[PDB]
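**Student:** got a sequence here, can you build the structure:
(one chain, ligands or ions: 1)
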Amino acid sequence: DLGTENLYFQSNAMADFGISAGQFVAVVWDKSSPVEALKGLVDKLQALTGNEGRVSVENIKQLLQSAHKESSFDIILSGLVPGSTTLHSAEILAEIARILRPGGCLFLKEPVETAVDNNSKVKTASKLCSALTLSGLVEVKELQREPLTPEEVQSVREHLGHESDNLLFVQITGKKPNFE
Ligand SMILES: [Hg+2]
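**Tutor:** Residues are numbered from 1 along each chain as shown. The relevant structure is shown in the block below.
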């Protein structure tokens, strides 16, 4: 759909997410991910990575149990299926770090609060960055900030049971270091 087309073109055919021929990529989705957007994105990733690469598609609630090989992914994309509104727990970030290879990169999108609210599980941008660091990632950087569309606002209501006036999307990246 249009959301996925926008994602594809604006990221240089996903080159800006490190997607290219031969890359091993995992795409993490959840029930907030529109099915057509997920299928559309997977189709594009399969075309880009080709026969020598790999696209593994994982629901966030199945990721831990899927028990992928340690250090087997070049790129992991999470929360990025257009329309998704997904929160990433410390446990999920740690598992992502485990299955990335050293030098592998996570690109993550998560709706965050502009200010701290201890009544909701939504984080701030700062706390989310620290979560990536504690999971073991390095070169942790914020790449983009976006407002939510009305549908994504509804999605946060429906799927995260949360209502706020400071909900922005942040896109963050982090890299797995070699073991020390
Ligand atoms: Hg990268």
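
**Student:** spell out which parts of the chain neighbour the ion.
**Tutor:** When proximity is defined as CB under 5 Å from the ion, the chain approaches the ion at 18, 105. For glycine as for every other residue, the C-beta is placed from the backbone atoms N, C-alpha and C.

**Student:** what about stretch 14-29, how long is it end to end?
**Tutor:** With CA to CA, to the nearest Å as the measure, stretch 14-29 spans 17 Å from end to end.

**Student:** mind listing what the spatially most central residue of the chain touches?
**Tutor:** The geometric centre of the chain, computed from its C-alpha atoms, lies nearest to residue 78 (CA atoms, centre = their mean), at 1.9 Å. Neighbouring residues of residue 78 by CB atoms under 8 Å, 6 or more residues apart in numbering: 27-28, 60, 86, 88, 92, 96, 106-109.

**Student:** now do the strands in the chain.
**Tutor:** 24-29, 54-59, 73-78, 100-113, 138-147, 167-175 (DSSP state E).

**Student:** against residue 76, how distant is the residue nearest to residue 168 when sequence neighbours are not counted?
**Tutor:** In this structure, residue 168 finds its nearest non-sequential neighbour in residue 145, 5.4 Å apart by CB to CB, 6 or more residues apart in numbering. Here the distance between residue 145 and residue 76 works out to 21 Å (CB to CB, to the nearest Å).

**Student:** so between these two, which is more surrounded?
**Tutor:** Regarding residue 145 and residue 76, a neighbour count based on other CB atoms under 10 Å identifies residue 76 as having more, with 28 against 11.
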